[PDB]
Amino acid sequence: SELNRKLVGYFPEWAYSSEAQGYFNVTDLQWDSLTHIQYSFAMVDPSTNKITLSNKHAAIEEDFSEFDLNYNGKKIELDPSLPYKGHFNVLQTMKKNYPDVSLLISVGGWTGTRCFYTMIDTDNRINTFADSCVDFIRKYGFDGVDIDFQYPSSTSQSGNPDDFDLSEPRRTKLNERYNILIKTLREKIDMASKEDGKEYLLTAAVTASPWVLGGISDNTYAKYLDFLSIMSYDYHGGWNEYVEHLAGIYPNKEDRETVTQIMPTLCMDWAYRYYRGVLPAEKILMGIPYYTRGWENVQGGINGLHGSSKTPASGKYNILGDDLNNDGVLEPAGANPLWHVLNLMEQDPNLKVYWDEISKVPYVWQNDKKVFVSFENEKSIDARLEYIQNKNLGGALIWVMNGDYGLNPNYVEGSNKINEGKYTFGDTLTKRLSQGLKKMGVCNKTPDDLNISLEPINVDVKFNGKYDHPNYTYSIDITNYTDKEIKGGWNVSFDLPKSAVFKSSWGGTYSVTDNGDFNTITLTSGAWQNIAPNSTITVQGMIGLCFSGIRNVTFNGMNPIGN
């Protein structure tokens, strides 16, 4: 049911054959605790514009004869009656015992967004892609589609730099074309649901970055999603010098990267406020990382935090680093699954865990080597559960499921091998999240905007603007569709998400009233701003920082229903 809490986990297609990933396969998924599994990743084909597999062998061909498929201590065999093998066979086989766990195919990701740029160029290509998604979920027994386009933004040089040859020429239209993509997917998926007697889902994982969001002008697409997953992680990392939290929850005035900003933006709660402009809390999921980022040779800070470093952590502190040329030399990133950091702490008593009571996340600091790594533990899970309950969030998504921890069957005392430590992957944090989501009960239904309860007036209020970080210059066009002049002194109100701060109205007067996740802005015009019948007047002003949209628009205490 719609208001049930959700615990959504991303499954990595590439993990089962990789030492650093722990050889994690579908039978290692936390099936008793997740409500949804997002298979990562499918992509778009450059020549046909259809959904396509990345590692086809892993997805539908691997027989796992060289790997260990077992669950609850019982050997899992591939279902020999299915016309495919691979992860997809194991997913369908497990789902027979977990029929209420929804399976979605995630399309895109950091390295799989490239061909979205050309597929969105025309409506016929979007239609082909959307139809191919329907065919795919039917063929492979999926319950829905997750779109992970990184990113449909005009912000220059956002997304993967390998794709700038496609994204940079398209910046002005990306957001508009993405809105058409999501709407078309919803239309086709809903038709397939009716035809099949099944309730198929459409979701998206979306940016939490104020930098990316400055280039997003239309968040209407959110209304077409079953839920919207905020990527409230990768806030900080080895791409810059700011030794700060990967995935803080609450705004932290000591985050050195944002100390000059209007408010601290690199935390879940800022993105929550941003997206409340277009969605109720129960349709929003918090993103939770089961991986780390970090730095070495950290200068300054306190236990590293708020320090500086031009050298991301390497070596044993970076087992998930990329090998983008080859021969085992990994790009420094301080990137690890949580179980590996636990094992490092077993090995080194001076690698210690600390708690940030402002951001409500932990971190790990080696004071002799000056190594800082982000972390996630039972205390931060508990803080996240508290936030989910307090804010009425729909639940959480997790990147990525092989990073949770449990006891290692292959532990070897004294061994430094990646998969011979005390811990390997497991379900400790995921079970803790699941138990907490069960205990807090279903979400409340957020009430409709109050403007709908007001008496109607045939006035149209259109809110537009332009963003030049950190300044949003708004223009409101007010059209009088009644048969009488509206005298000057009229007022318009709107609810502005608390991701932004109203700064000034350029004409008339204004007031700001606290209203939950919003401030209600009331603009009162001057006596001279009469609105003749069938005419339009425009008023302007300035807002600091960005917001997904405005809500609850009123005019002279009535609901402006236009013409």
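Start at 1 with the first residue shown and count on from there.
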{"query": "Stretch with the greater mean C-alpha B-factor as recorded in the entry, comparing 166 to 174 against 93 to 101", "finding": "93 to 101"}
{"query": "Segment of higher mean CA temperature factor, 474 to 482 or 225 to 233", "finding": "474 to 482"}
{"query": "Top Cα B factor in the deposited entry, candidates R125, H469, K360, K74", "finding": "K74"}
{"query": "Options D148, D135, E413, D218 - largest CA temperature factor per the record", "finding": "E413"}
{"query": "Entry-reported Cα temperature factor of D368, expressed as the chain third it lands in", "finding": "highest"}
{"query": "Lowest, middle or highest third - CA B-factor, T207", "finding": "lowest"}
{"query": "Third of chain Cα B-factors occupied by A42", "finding": "lowest"}
{"query": "Third assignment of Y405 from its chain's C-alpha B-factors", "finding": "middle"}
{"query": "Record-listed C-alpha B factor of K198: chain third", "finding": "highest"}
